[PDB]
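# Fold and contact review
Chain by chain, the residues run as shown.
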Amino acid sequence: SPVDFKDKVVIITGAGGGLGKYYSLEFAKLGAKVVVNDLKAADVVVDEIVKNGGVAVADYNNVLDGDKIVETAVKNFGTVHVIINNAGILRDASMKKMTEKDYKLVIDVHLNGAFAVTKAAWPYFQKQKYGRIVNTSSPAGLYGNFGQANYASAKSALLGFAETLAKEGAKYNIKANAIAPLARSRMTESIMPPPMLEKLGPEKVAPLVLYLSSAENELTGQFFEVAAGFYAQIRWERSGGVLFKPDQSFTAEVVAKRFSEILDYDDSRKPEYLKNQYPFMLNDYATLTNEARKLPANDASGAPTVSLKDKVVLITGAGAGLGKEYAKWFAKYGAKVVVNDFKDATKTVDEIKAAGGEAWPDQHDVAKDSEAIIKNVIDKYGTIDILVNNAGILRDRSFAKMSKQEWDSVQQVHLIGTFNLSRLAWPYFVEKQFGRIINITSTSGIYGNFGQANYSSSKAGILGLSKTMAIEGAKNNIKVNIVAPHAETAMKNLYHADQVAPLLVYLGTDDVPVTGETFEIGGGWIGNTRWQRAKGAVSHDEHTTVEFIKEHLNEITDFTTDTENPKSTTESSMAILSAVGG
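As presented, residues are numbered from 1 along each chain according to the written sequence, a scheme that may differ from that of the entry, and residues lacking coordinates are left out. Heavy atoms from the whole structure form the basis of all side-chain values; hydrogens and water molecules are not counted.

Looking at the PDB entry, one finds the chain named (3R)-hydroxyacyl-CoA dehydrogenase and attributed to Candida tropicalis. UniProt positions are given in the numbering used here, feature names are shortened, and annotations may be inferred rather than shown by experiment. As stated in UniProt under Pathway, the record for the chain gives "Lipid metabolism; fatty acid beta-oxidation." Reading the Sequence similarities entry of the UniProt record for the chain gives the comment "Belongs to the short-chain dehydrogenases/reductases (SDR) family."

### With respect to the UniProt feature "active site" in the chain
In the numbering adopted here, UniProt assigns the feature "active site" to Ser137, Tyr151, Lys155 and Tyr455. Those annotated residues from the list above that line the second largest pocket are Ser137, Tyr151 and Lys155. Mapped onto the fold, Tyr151 is located in helix α6 (residues 149–169). If sequence neighbours within four positions are ignored, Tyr151 has contacts with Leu90, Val106, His110, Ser138 and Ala140. Each cavity reported here is a set of points on a 1 Å grid over the protein atoms alone in which a 1.4 Å probe fits but cannot get out, each pocket an open set with protein on both sides within 12 Å along at least five of seven lines, and each lining residue one with an atom within 4 Å of a point. Only runs of H or I of at least four residues qualify as helices and only runs of E of at least two qualify as strands under DSSP, and these elements are numbered from the N terminus. When checking whether two residues touch, look at their non-hydrogen atoms; a contact exists if any pair is within 4.5 Å.

### With respect to the domain arrangement of the chain
One frequent convention defines the size of an interface as the accessible area lost when the parts assemble. Per the domain assignment, the segments of the chain are domain 1 (8–235 + 531–582) and domain 2 (236–530). Residue ranges labeled as domains rest on an automatic or database domain assignment. The straight-line distance from the C-alpha centre of domain 1 to that of domain 2 is 32 Å. Counting residues at the interface gives 43 residues for domain 1 and 46 residues for domain 2. Buried area is understood as the total, over both parts, of accessible area removed when two parts are fitted together, assessed with a 1.4 Å probe. For the pairing of domain 1 and domain 2, the buried interface totals around 3,700 Å² over both sides, and the portion due to carbon and sulfur atoms is 61%. For this analysis, a salt bridge means a side-chain nitrogen from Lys or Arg found within 4 Å of a carboxyl oxygen belonging to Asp or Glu. On inspection of domain 1 and its partner domain 2, the count reaches one salt bridge.

### As for empty space enclosed by the protein
Approximately 30 Å³ is the volume found for the largest cavity. Considering the residues around the largest cavity, the lining is formed by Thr13, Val63, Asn85, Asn86, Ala87, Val109, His110, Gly113 and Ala114. Considering every element that reaches the lining of the largest cavity, the biggest residue donor is helix α4 (residues 100–128), with four residues. Think of it as three bins: nonpolar holds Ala, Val, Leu, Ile, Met, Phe, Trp, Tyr, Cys and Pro, charged holds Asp, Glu, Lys and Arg, and polar takes everything else, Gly as well. Residue composition of the lining of the largest cavity, grouped by class: four nonpolar, five polar and no charged. Grid points are joined across faces, edges and corners, and a volume is the space filled by probe spheres set on the points.

### Some details on the layout of surface pockets
In this model, the second largest pocket occupies a volume close to 900 Å³. Residue lining of the second largest pocket: 38 residues in total, with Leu90, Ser138, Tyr151, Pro181 and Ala183 positioned closest to the centre. Put simply, the parts of the chain that give the lining of the second largest pocket at least two residues each are α1 (18–29), α5 (139–143), α6, α7 (186–189) and α9 (202–212).

### Quick word on helix α19 (residues 546–556)
The rule is simple: take the accessible area with a 1.4 Å probe, protein chains only, and divide by the maximum for that residue type; under 20% is buried, over 50% is exposed, in between is partly exposed. For α19, every residue scored as buried is listed here: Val546, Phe548, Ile549, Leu553 and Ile556. Down the axis of α19, the smallest arc covering the buried residues is 155°, so these residues share one side. Away from the buried face of α19 by more than 90 degrees, exposed residues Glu551 and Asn554 are located. Check the buried side of α19 and you find it contacts α9, β7 (223–227), β8 (230–238) and β18 (537–538). Our arc is simply the arc of the directions from the helix axis toward the C-beta atoms.

### What to know about the nonpolar core
Nonpolar core, defined: a set of buried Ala, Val, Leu, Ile, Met, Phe, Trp, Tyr and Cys residues in which side-chain atoms within 4.5 Å join the residues together. One finds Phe161 and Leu314 to be the most contacted residues of the largest nonpolar core, which totals 84 residues. Residue-level mapping places this core at the junction of two domains, with at least three residues from each of domain 1 (8–235 + 531–582) and domain 2 (236–530). Beyond its immediate chain neighbours, meaning those up to four positions away, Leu314 contacts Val338, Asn340, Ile373, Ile374, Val377, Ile384, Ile386, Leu387, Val388 and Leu421. Counting 46 residues, the second-largest nonpolar core is a separate cluster that includes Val255, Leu308, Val313 and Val505.

### So, the side chain of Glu237
The residue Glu237 is located in strand β8 in this model. With relative accessibility at 3%, the residue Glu237 sits in the buried group. Polar contacts here mean pairs of N or O atoms no more than 3.5 Å apart (in protein, one a potential hydrogen donor and the other a potential acceptor; neighbouring residues in sequence count only if both atoms are side-chain atoms). A distance of 3.2 Å separates polar atoms of two side chains, one belonging to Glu237 and the other to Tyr278. If sequence neighbours within four positions are ignored, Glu237 has contacts with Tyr265, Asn276, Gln277, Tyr278, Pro279, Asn528, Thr529, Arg530, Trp531, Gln532 and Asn565.

### What about the packing of aromatic side chains?
Note on aromatic contacts: the rings of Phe and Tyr and the six-membered ring of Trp form a pair at centre separations within 6.5 Å, being stacked when their planes are under 30 degrees apart, edge-to-face when over 60 apart, and tilted otherwise. A complete count under the given rule lists 18 aromatic pairs for this structure. Judged by centre distance (5.5 Å) and plane angle (85°), the ring pair of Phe5 and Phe27 falls under edge-to-face. In this pair, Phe5 sits in the segment before β1 (9–12) while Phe27 sits in helix α1, placing the two residues 22 residues apart along the sequence. Both residues of the pair, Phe5 and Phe27, belong to the buried class. Members of the aromatic cluster, connected to one another through ring pairs, are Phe115, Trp122, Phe161, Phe399 and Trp407. Over the aromatic face of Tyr130 sits the side chain of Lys8, whose NZ or CZ is 5.7 Å from the ring centroid. A cation over an aromatic ring shows up here: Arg235 above the ring of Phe559, its NZ or CZ 3.8 Å from the ring centre. A positively charged side chain is recorded as over a ring if its NZ (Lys) or CZ (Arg) lies within 6 Å of the ring centre. The angle to the ring normal must also be within 35 degrees.

### Things to note about the packing of α4 against helix α15 (residues 404–431)
Fitted lines through C-alpha atoms serve as axes, helices being fitted only where they are in contact, and the angles separating the N-to-C directions of these axes extend from 0 to 180 degrees. Where α4 meets α15, the closest approach of the two axes is 11 Å, and the angle between their N-to-C directions is 150°. Comparing their axes, α15 and α4 come out roughly antiparallel. Considering only the axes of α4 and α15, their crossing is right-handed. Across from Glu100, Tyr103, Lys104, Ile107, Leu111, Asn112 and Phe115 in α4, the residues of α15 making contact are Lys404, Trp407, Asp408, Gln411, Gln412, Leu415, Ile416, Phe419, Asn420 and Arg423. A per-class count over the contact of α4 with α15 returns eight nonpolar, four polar and five charged. When describing relative orientation, an angle under 35 degrees is termed roughly parallel and one over 145 degrees roughly antiparallel, while 65 to 115 degrees is termed roughly perpendicular and anything else oblique. Should the near helix be turned counterclockwise from the far one by less than a right angle, the crossing is left-handed, whereas a clockwise turn marks it as right-handed.

Structure representation (structure tokens):
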């Protein structure tokens, strides 16, 4: 018998047209009870369904009102089993033009609407011990994309959100996945021939969406590229990495000496604890630091000079803890450091100056006052060269009990604040054709982590944001890199901030040879993090079914051969052309 959906209640946000409308029709054809949500338009879809023998009701709500949407499903059908997070909206602009409101609007619909709807769906999933969630990402979420700083931030966030829901959801038989469907754009239309472009639509996406939405599906926490008959799983590949002895000899200059080793994925000759991994959580730091501590002293002989002399560094959340130490490293390498902190920047400043360094306080809130922070920097030192967006809070909670306040405040500090500050630094960087942005992500954002749906989603927002800003920055010599440290403070220490800071100051130099890159780091260890995309399956039929996904799953999830490591939407699209081309 075929893949079954009978009597499954299915909420699809933004279902008045495009992908969302198609899914509504396909689901209902297979006997599902669809809640068609669209902010008239929903009615049009609900009429086709009923006319053609199906069950559907309309919901007119804003996706922020996720409680009311699910309330619609419950009234009409007694529960919900599937959420398809589809609702969207575009406000494209380069980093030069994009406003704060353009940014928050796109985060709201894509990310905060998903939180609202899913949060509301969650009790019902828990009680019946069943749920199926599909988060709509996009290639711009995976890779960054020019002019879409927001949209990439939201679509990338939804990766980490999906991983977190998959981890929290497992015991309740709730599985969560993300898709990244390639769209017709100017880029695609210049890479792909007319026959593939006309298959680049909902009919070729929906089969995987249905499959991932079914009881038969066992896959969870996973991402997939989908386009014109192609379907392939795409996962994280983290390099074997390098170990440094975690002592005074672990300097910024040794990193620079051995930098290329970090991004080197040939792990043939390395031992087992430093082979490439395909991870689902942070690295085995206990093994790593244990091995790093057996090493002889880091040799800095032949190392590149590292100096941040007369560079102005702005670092946020640096009044205490890890950030405080990071700053002291930036200052000891010669930078004039504006130390931002919401509570107190004084103690970091005093300590910096007691060591013969130059620093200056700022105590504005990042999200709220990015303008006042940039003015503060310029008033004092006349310019800005390096931005390290480190500000943070933690509001940990199971997803079932996470409140909206806990969701937003985390989001405001980590994601919004990083953008708003970055946006106001930006014109200075481009004017002088120099900028070095160092954004702090997290293994909780990259791999997801139960109890941290907010922290993880936001820090995963950072990947998309950073990557975009790296694309746009390249021509004006503005490099932006991403870092997921493992380090603790006091509240011996094998994971000091001293084991992370060296990388951070190197990322600030003139001669840092990469941009858009992701690093995980701690305990004497440094690694890089990238994509590996599977062989994939190709449907050649002009109608593709959910059955095709079922029968060719082996090929979709096959990392044994013909894999790819795309790092831009252009790279992915060329590779998809090649697999479909045969």
